[PDB]
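# Chains, contacts and geometry: an overview
Chain by chain, the residues run as shown.
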Amino acid sequence: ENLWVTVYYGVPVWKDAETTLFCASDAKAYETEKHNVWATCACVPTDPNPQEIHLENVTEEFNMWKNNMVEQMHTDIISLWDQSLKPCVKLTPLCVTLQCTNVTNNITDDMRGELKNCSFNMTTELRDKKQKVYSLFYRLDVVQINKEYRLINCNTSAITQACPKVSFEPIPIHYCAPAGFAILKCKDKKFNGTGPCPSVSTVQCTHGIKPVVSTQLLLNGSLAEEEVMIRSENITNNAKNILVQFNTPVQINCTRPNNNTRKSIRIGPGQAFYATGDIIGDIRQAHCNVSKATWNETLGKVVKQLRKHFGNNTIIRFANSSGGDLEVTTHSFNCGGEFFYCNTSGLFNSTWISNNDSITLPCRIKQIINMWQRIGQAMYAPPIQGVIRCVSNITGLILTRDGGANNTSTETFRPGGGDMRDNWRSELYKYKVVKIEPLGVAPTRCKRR
Amino acid sequence: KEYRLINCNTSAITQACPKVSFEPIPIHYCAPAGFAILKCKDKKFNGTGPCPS
Amino acid sequence: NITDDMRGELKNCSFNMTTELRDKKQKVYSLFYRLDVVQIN
Amino acid sequence: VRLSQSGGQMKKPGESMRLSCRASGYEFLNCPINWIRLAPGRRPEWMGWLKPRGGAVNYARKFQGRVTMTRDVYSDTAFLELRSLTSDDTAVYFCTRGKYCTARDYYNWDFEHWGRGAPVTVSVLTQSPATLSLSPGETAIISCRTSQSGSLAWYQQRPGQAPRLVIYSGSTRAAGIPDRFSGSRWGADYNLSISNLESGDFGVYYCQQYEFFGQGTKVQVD
Amino acid sequence: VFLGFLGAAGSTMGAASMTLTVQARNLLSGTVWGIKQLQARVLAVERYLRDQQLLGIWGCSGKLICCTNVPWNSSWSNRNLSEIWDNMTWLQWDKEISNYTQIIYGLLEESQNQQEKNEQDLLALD
Ligand SMILES: *[C@@H]1O[C@H](CO)[C@@H](O[C@@H]2O[C@H](CO)[C@@H](O[C@@H]3O[C@H](CO[C@H]4O[C@H](CO[C@H]5O[C@H](CO)[C@@H](O)[C@H](O)[C@@H]5O)[C@@H](O)[C@H](O[C@H]5O[C@H](CO)[C@@H](O)[C@H](O)[C@@H]5O)[C@@H]4O)[C@@H](O)[C@H](O[C@H]4O[C@H](CO)[C@@H](O)[C@H](O)[C@@H]4O)[C@@H]3O)[C@H](O)[C@H]2NC(C)=O)[C@H](O)[C@H]1NC(C)=O
Ligand SMILES: *[C@@H]1O[C@H](CO)[C@@H](O[C@@H]2O[C@H](CO)[C@@H](O[C@@H]3O[C@H](CO[C@H]4O[C@H](CO)[C@@H](O)[C@H](O)[C@@H]4O)[C@@H](O)[C@H](O[C@H]4O[C@H](CO)[C@@H](O)[C@H](O)[C@@H]4O[C@H]4O[C@H](CO)[C@@H](O)[C@H](O)[C@@H]4O)[C@@H]3O)[C@H](O)[C@H]2NC(C)=O)[C@H](O)[C@H]1NC(C)=O
Ligand SMILES: *[C@@H]1O[C@H](CO)[C@@H](O[C@@H]2O[C@H](CO)[C@@H](O[C@@H]3O[C@H](CO[C@H]4O[C@H](CO)[C@@H](O)[C@H](O)[C@@H]4O)[C@@H](O)[C@H](O[C@H]4O[C@H](CO)[C@@H](O)[C@H](O)[C@@H]4O)[C@@H]3O)[C@H](O)[C@H]2NC(C)=O)[C@H](O)[C@H]1NC(C)=O
Ligand SMILES: *[C@@H]1O[C@H](CO)[C@@H](O[C@@H]2O[C@H](CO)[C@@H](O[C@@H]3O[C@H](CO[C@H]4O[C@H](CO)[C@@H](O)[C@H](O)[C@@H]4O)[C@@H](O)[C@H](O[C@H]4O[C@H](CO)[C@@H](O)[C@H](O)[C@@H]4O)[C@@H]3O)[C@H](O)[C@H]2NC(C)=O)[C@H](O)[C@H]1NC(C)=O
Ligand SMILES: *[C@@H]1O[C@H](CO)[C@@H](O[C@@H]2O[C@H](CO)[C@@H](O[C@@H]3O[C@H](CO[C@H]4O[C@H](CO)[C@@H](O)[C@H](O)[C@@H]4O)[C@@H](O)[C@H](O)[C@@H]3O)[C@H](O)[C@H]2NC(C)=O)[C@H](O)[C@H]1NC(C)=O
Ligand SMILES: *[C@@H]1O[C@H](CO)[C@@H](O[C@@H]2O[C@H](CO)[C@@H](O[C@@H]3O[C@H](CO)[C@@H](O)[C@H](O)[C@@H]3O)[C@H](O)[C@H]2NC(C)=O)[C@H](O)[C@H]1NC(C)=O
Ligand SMILES: *[C@@H]1O[C@H](CO)[C@@H](O[C@@H]2O[C@H](CO)[C@@H](O)[C@H](O)[C@H]2NC(C)=O)[C@H](O)[C@H]1NC(C)=O
Ligand SMILES: *[C@@H]1O[C@H](CO)[C@@H](O)[C@H](O)[C@H]1NC(C)=O
Ligand SMILES: *[C@@H]1O[C@H](CO)[C@@H](O)[C@H](O)[C@H]1NC(C)=O
Ligand SMILES: *[C@@H]1O[C@H](CO)[C@@H](O)[C@H](O)[C@H]1NC(C)=O
Ligand SMILES: *[C@@H]1O[C@H](CO)[C@@H](O)[C@H](O)[C@H]1NC(C)=O
Ligand SMILES: *[C@@H]1O[C@H](CO)[C@@H](O)[C@H](O)[C@H]1NC(C)=O
Ligand SMILES: *[C@@H]1O[C@H](CO)[C@@H](O)[C@H](O)[C@H]1NC(C)=O
Ligand SMILES: *[C@@H]1O[C@H](CO)[C@@H](O)[C@H](O)[C@H]1NC(C)=O
Ligand SMILES: *[C@@H]1O[C@H](CO)[C@@H](O)[C@H](O)[C@H]1NC(C)=O
Ligand SMILES: *[C@@H]1O[C@H](CO)[C@@H](O)[C@H](O)[C@H]1NC(C)=O
Ligand SMILES: *[C@@H]1O[C@H](CO)[C@@H](O)[C@H](O)[C@H]1NC(C)=O
Ligand SMILES: *[C@@H]1O[C@H](CO)[C@@H](O)[C@H](O)[C@H]1NC(C)=O
Ligand SMILES: *[C@@H]1O[C@H](CO)[C@@H](O)[C@H](O)[C@H]1NC(C)=O
Ligand SMILES: *[C@@H]1O[C@H](CO)[C@@H](O)[C@H](O)[C@H]1NC(C)=O
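Quick summary incoming for the structure in this document. Residue positions are given from 1 per chain in written sequence order; they need not agree with the entry numbering, and residues without coordinates are hidden. Each chain is given a letter, starting from A, and each ligand a number, starting from 1, according to the order in which they appear as written. These chains belong to a larger assembly; all numbers given describe just the chains displayed. Note: side-chain values were computed over all heavy atoms of the structure, leaving out hydrogens and water.

In this section: the site of ligand 11. Residue and element names in this part refer to chain A. We call a residue near a given molecule or strand whenever any one of its heavy atoms falls within 4 Å of it. What surrounds ligand 11 is the set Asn 320, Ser 321, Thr 329, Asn 343 and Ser 345. Polar contact is the term for a pair of N or O atoms within 3.5 Å; when the atoms are in protein, one must be able to donate a hydrogen and the other to accept it, and sequence-neighboring residues count only if both atoms are side-chain atoms. Within the side chain of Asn 320, an N or O atom sits 2.5 Å from an oxygen atom of ligand 11. For ligand 11, an oxygen atom lies 3.2 Å from a polar atom in the backbone of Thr 329. Of the residues belonging to the shell around ligand 11, the class tally is no nonpolar, five polar and no charged. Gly is placed with the polar residues, together with every amino acid not listed as nonpolar (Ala, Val, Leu, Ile, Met, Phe, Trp, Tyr, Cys and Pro) or charged (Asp, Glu, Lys and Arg).

Here, nonpolar core means buried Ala, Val, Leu, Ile, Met, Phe, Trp, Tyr and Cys residues that are tied together by side-chain atoms lying within 4.5 Å of each other. Categorising residues by exposure relies on relative accessible area from a 1.4 Å probe, with only protein chains included: less than 20% of the type maximum marks a residue as buried, more than 50% marks it as exposed, and the intermediate range marks it as partly exposed. The biggest cluster of nonpolar side chains holds 71 residues, and the ones touching the most others in it are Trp 35, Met 47, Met 69 and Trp 154 of chain D. Contacts are residue-level and defined by heavy atoms, with any inter-residue pair within 4.5 Å sufficient. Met 47 of chain D has contacts with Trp 35, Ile 36, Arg 37, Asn 58, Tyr 59, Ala 60, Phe 63, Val 67, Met 69, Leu 80, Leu 82 and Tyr 93 of chain D, leaving out every residue within four places of it along the chain. One finds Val 200 of chain A together with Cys 60, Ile 97 and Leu 108 of chain E within the second-largest nonpolar core, a separate group that totals 54 residues.

To continue, consider helix α2 (residues 292-306) of chain A. Each helix is a run of DSSP H or I of at least 4 residues and each strand a run of E of at least 2, with the numbering of both proceeding from the N terminus. One less than the residue count of a helix, multiplied by 1.5 Å, gives the span that helix is expected to have. Here α2 of chain A spans 21 Å end to end across 15 residues, near enough to the 21 Å set by a 1.5 Å rise per residue. Regarding α2 of chain A, the residues found buried are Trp 295, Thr 298, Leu 299, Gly 300, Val 302, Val 303, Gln 305 and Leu 306 of chain A.

Residues and elements named next belong to chain D. Its place among the elements puts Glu 81 in strand β8 (residues 77-82). Classification of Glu 81 as buried rests on a relative accessible area of 10%. There is a polar contact of 2.6 Å between the side chain of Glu 81 and the side chain of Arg 18. At 3.0 Å, the side chain of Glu 81 and the side chain of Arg 83 are in polar contact. Among residues more than four places away in sequence, those in contact with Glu 81 are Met 17, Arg 18, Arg 66, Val 67 and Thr 68.

The interface with the most contacts, out of four pairs of chains in contact, is the one formed by chains A and E. Contact between chain C and chain D is absent, and the minimum C-alpha spacing across the pair is 17 Å. Kept free of each other, chain D and chain E leave a smallest C-alpha distance of 22 Å between them.

This is the structure in structure tokens:
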């Protein structure tokens with residue numbers, strides 16, 4: 001009748017914790033080679049037949065806003081960027097006076113140049129005679145000084161040129177947990193991403209999450225189930241971003257109608273800088289198309305979900321960003337190696353009450369970037385030959401709401417971003433790390449003599 | 001006549017330190033626990049296929 | 001303002017410097033201690 | 001954490017004004033800076049916030065089209081401009097920073113850090129009572145009725161000084177706040193209780209829910 | 001039936017006692033960025049040998065299950081036999097017993113195999 005303790009080893013007992021996650025990225029991506037593209041070099045090949053065990057009767061609480069995998073992925077991509085830029089050519093003797101001029105074209109005065117034809121000195125292989133060479137830089141890359149210009153990053157940090165061997169192509173990366181840990185996955189169709197989850201399953205490795213670094217518009221993400229999803233840490237708080245996840249992807253087409261030339265000027269001994277030669281064809285600017293019908297149905301489907309939290313009979317008005325840096329006021333992204341910054345004033349210009357072509361957006365291109373608000377490392381994106389064309393999926397947004405309303409029933413939303421951790425929170429909302437404690441004691445009528 | 005180093009427009013150059021030496025010294029390669037190294041001890045092993053001893 | 005027993009200690013040095021650009025130099029001055037500097041003829 | 005503001009100024013109607021606020025002691029990019037105007041005998045008005053990371057901004061409806069907020073990440077200095085000034089704009093303008101501000105996340109609206117303020121002259125939340133005349137030693141009970149709910153804060157403003165965060169989350173004391181200050185909640189009602197009043201405690205107190213503030217309660221010595 | 005790894009987590013302790021050989025099986029599993037997994041699988045085997053050492057110094061050694069000569073103290077959440085194995089999950093049980101786990105561990109490693117084996121040392125010489 002008197003119970004006795006008994007040690008059980010291998011009990012389903014886990015507790016929320018944080019550990020060191022490793023990578024996984026299939027086996028065909030390693031065949032992409034090209035001198036180690038992005039990260040996949042010594043990454044563990046993904047298990048050909050992954051197992052996902054549905055934990056019956058189990059209801060586990062998730063929290064996408066207090067999840068450590070986001071911080072770990074962020075610091076991992078940062079260290080990746082540094083390790084990818086450590087052995088590349090450093091452009092230290094490139095802050096020389098630039099005697100720039102307009103590009104060869106024919107007016108008007110509203111074209112504001114944009115492209116500058118800079119002539120300057122350069123150090124050759126030998127440490128004696130110099131080199132009077134010319135390049136073609138964007139206005140966002142240069143700045144005049146008292147026509148003589150200079151690189152816009154002279155009195156900020158150093159600069160290193162990205163090696164032409166590596167690529168910035170986001171490839172699926174599976175995050176896995178070591179022995180003794182497990183990753184819980186919420187498999188409900190309406191998980192707005194916080195609190196208890198009815199249908200929880202356990203996995204060793206998450207699905208292929210491509211690290212697409214972008215702002216305002218979430219590109220190449222996971223589609224939502226049924227209705228489009230709206231997630232926020234504090235809806236009544238207008239300072240917290242509102243991550244929107246789409247159900248149907250919005251087809252976007254971005255092009256660079258300036259098929260370019262790569263001049264391989266030689267800053268020897270050894271190093272070599274890739275300048276931009278002459279432009280073959282017409283002087284055109286990069287642009288992005290969004291199908292008008294698709295954007296209408298997507299916006300009309302989102303505003304119907306927005307009315308479920310800010311009152312049924314309210315007016316929802318869309319306005320573009322209020323101001324700041326170029327990385328927040330424009331849709332910043334990477335395509336073909338070039339860094340585009342597109343005008344998103346034609347997408348967020350609407351006013352929805354309670355009840356056939358393409359929208360083109362002017363896209364600028366910058367070569368000298370300082371992403372992740374990093375000071376000390378400026379990367380020069382080498383020019384890319386040929387017309388660059390890319391078709392992507394708009395699968396979500398990062399919105400911000402205007403404050404100090406009080407009066408009025410309308411609410412105004414503007415595109416935001418900045419913090420790149422939000423880009424990872426849109427994919428890690430359905431995963432969390434737990435540690436296994438298999439040692440459990442329990443009483444039963446068992447002993448010895 | 002003006003000359004230059006033949007490796008100027010190839011790569012960088014580092015001088016070997018006079019302290020170290022390039023003298024080939026015998027190095028035995030060993031295997032960790034759980035592994036073993038098989039050695040063919042026949043006088044005519046032309047180096048491929050089954051080995052008797 | 002003097003005397004001759006103050007032996008300076010602090011030296012007001014003017015010199016060239018490389019700016020951000022690899023062309024024009026920079027005529028700037030600093031203030032170094034005597035234990036940090038040494039004359040040369 | 002120190003917010004250093006530029007001095008006040010006298011403008012004429014129709015002109016524009018510009019203010020600066022240099023932050024120090026923390027990573028400027030971690031969390032947004034806010035701009036709030038306080039007019040004598042008027043409900044404090046939150047003008048907007050800026051995230052120094054990328055310079056993201058958010059303006060109050062009343063000011064959209066008139067106000068422009070930027071910043072200089074290198075000098076950690078936040079700038080604001082206000083155009084088409086009218087007599088209604090006379091007020092003391094503050095730059096504020098929330099209490100919780102780490103690398104992981106933040107909470108903007110618990111304004112623990114305030115600038116000295118800039119007096120510029122150009123020429124819901126129901127808080128009660130309006131005034132409170134009490135003797136040293138007594139207990140002051142200030143009330144604030146909400147309609148939305150969410151982390152509520154209490155601030156104290158001493159005559160001629162910048163407001164100081166006193167309580168957040170309705171019941172949690174801030175750094176340096178003694179046990180004498182306590183918060184309570186019942187439904188929509190919020191009560192701030194200050195026991196054993198002393199000279200330093202007298203001033204004006206405000207309840208706050210995100211960007212909305214109360215009408216204020218002046219606690220004076222009698 | 002095989003619910004898999006962590007299968008019977010929401011099931012009763014009596015039901016979850018059938019899945020002991022499942023969580024025990026997947027507990028060990030067989031330039032920078034490559035040391036990230038090295039230091040992790042080293043802490044993994046240190047956690048494994050830590051639990052195996054505790055399981056060895058007690059009156060168990062044989063894994064999975066083992067009995068002990070320790071009276072269940074009523075202060076450790078006085079519940080009944082049928083109220084534990086048929087009305088409580090292992091997570092919910094460990095949440096209550098978290099205060100006394102270290103005490104029981106001390107009563108298991110010290111009071112038992114240190115006095116029991118010495119008793120056998122006296123019983124095996126005759
Ligand atoms: C994701 O989607 C999910 C849906 O699946 C979602 O979860 C729900 O989220 C909604 C918001 O949209 C919730 O609805 C609201 O919940 C508010 C919080 O309720 C809690 O807090 C109450 C206040 O507690 C304080 O005050 C009391 C009294 O003073 C105090 O004693 C306590 O100490 C505490 O300090 C608390 O009373 C409330 O408890 C009641 O409700 C739960 C059910 O929610 C109930 O089971 C209890 O038995 C108890 O009866 C709960 O603990 C709530 O404030 C809000 O409004 C209610 O309260 C105001 C108060 O005046 C009322 O006037 C008003 O009419 C409401 O009745 C509203 O109910 C809901 O709580 C979530 N569900 C769960 C399970 O958490 C997420 O929000 C979505 N996430 C995103 C990002 O979208
Ligand atoms: C969201 O998800 C979509 C879905 O994939 C993704 O779209 C992909 O876009 C990229 C461009 O960014 C694509 O990758 C490139 O595609 C072009 C054109 O493809 C043609 O060629 C193949 C040949 O068989 C045809 O089958 C195909 O149908 C097209 O006709 C390729 O030309 C590119 O190849 C070069 O670039 C790679 C990276 O730079 C190199 O690794 C590769 O080896 C190639 O380099 C060599 O060839 C060059 C050719 O001129 C040469 O100049 C170089 O010097 C080098 O020698 C490249 O593969 C891809 O096709 C798209 N996906 C699909 C399914 O079509 C979006 O990009 C993604 N969004 C984000 C943000 O990630
Ligand atoms: C970006 O800006 C840079 C300058 O900052 C430009 O690069 C220059 O482009 C001009 C063209 O407008 C080049 O001028 C050409 O130089 C040729 C070089 O020939 C050499 O050898 C001959 C002997 O065979 C010498 O006589 C001569 O002096 C040179 O030493 C010339 O052959 C060209 O002449 C031809 O074109 C002219 C055009 O009017 C005709 O009149 C002539 O009869 C002849 O057919 C011409 O003079 C200049 O050399 C380039 N400089 C550098 C450093 O590359 C880019 O053009 C500009 N890009 C854009 C888009 O604006
Ligand atoms: C984007 O801008 C780039 C700038 O580099 C253009 O690339 C050049 O394009 C032209 C035109 O197609 C190419 O010229 C072609 O050269 C071929 C021979 O090249 C080989 O042989 C020479 C020696 O003779 C070598 O030096 C060279 O390396 C090659 O090994 C010709 O056979 C071509 O003529 C044939 O094709 C054209 C159509 O292209 C037909 O009209 C002709 O009748 C004929 O059938 C042609 O003259 C040049 O080689 C390209 N350079 C590079 C580096 O690629 C892109 O064309 C441009 N694209 C767009 C869309 O604007
Ligand atoms: C080095 O690179 C830097 C980029 O990281 C450059 O810094 C920025 O330069 C821009 C202009 O090119 C400045 O923007 C201007 O700011 C002024 C501010 O005016 C007030 O301050 C000045 C100086 O004290 C004062 O004289 C005025 O009276 C004002 O009181 C605005 O008025 C302009 O409209 C414009 O916005 C940035 O402020 C500046 N950033 C920082 C952090 O300073 C820098 O110019 C580069 N230097 C060189 C030599 O090229
Ligand atoms: C090369 O440069 C010339 C010179 O600028 C370009 O011609 C300019 O073309 C524009 C656009 O048509 C003209 O603007 C016009 O202004 C009048 C003002 O009343 C307005 O009514 C018109 O509708 C138009 O906007 C501008 O006058 C004209 N300039 C000259 C000197 O003719 C030309 O287009 C460029 N390209 C080519 C291929 O010539
Ligand atoms: C992006 O480009 C693709 C390819 O041109 C467009 O898809 C075409 O759409 C038209 C009209 O429906 C069809 O007739 C073609 O057959 C499609 N081609 C392909 C390859 O799919 C797409 O519509 C464009 N989207 C935007 C927003 O510009
Ligand atoms: C181009 O030329 C015009 C005319 O001289 C000049 O005003 C302008 O500054 C030049 N540059 C650009 C970018 O327009
Ligand atoms: C470099 O720029 C200077 C500007 O003073 C100019 O005199 C010189 O011709 C240019 N080219 C070389 C090779 O020095
Ligand atoms: C957008 O779609 C909505 C809803 O169907 C609508 O009322 C409107 O006319 C559409 N806009 C355009 C430009 O077609
Ligand atoms: C928004 O559109 C306005 C024009 O109305 C433009 O001045 C501003 O730069 C745009 N902002 C962004 C963030 O696109
Ligand atoms: C973006 O486009 C709008 C509409 O054409 C324009 O008013 C605005 O000035 C543009 N913004 C920039 C930064 O060019
Ligand atoms: C936004 O749309 C309205 C309605 O079509 C139009 O009047 C306005 O000019 C648009 N704004 C911009 C910046 O294009
Ligand atoms: C992007 O959307 C297109 C349009 O349906 C689809 O064909 C493609 O598979 C999508 N890419 C994904 C889901 O990665
Ligand atoms: C200071 O000036 C005196 C007078 O010319 C000179 O003798 C001496 O060397 C100078 N320097 C110091 C350190 O005294
Ligand atoms: C550098 O020192 C020399 C001394 O020969 C002097 O002529 C020059 O003015 C100094 N500064 C600069 C900027 O050259
Ligand atoms: C904001 O989120 C926190 C964290 O879950 C929660 O405690 C708080 O109640 C939320 N605020 C509102 C108004 O729902
Ligand atoms: C059991 O717990 C009770 C109360 O906490 C205490 O009196 C007694 O000493 C404990 N006995 C053992 C063996 O733990
Ligand atoms: C149930 O628990 C009580 C209180 O400790 C005890 O008296 C009784 O013997 C227990 N019964 C069973 C069946 O374990
Ligand atoms: C844990 O011990 C503390 C301290 O005595 C006590 O407050 C708490 O009730 C105990 N919890 C359980 C589950 O026994």
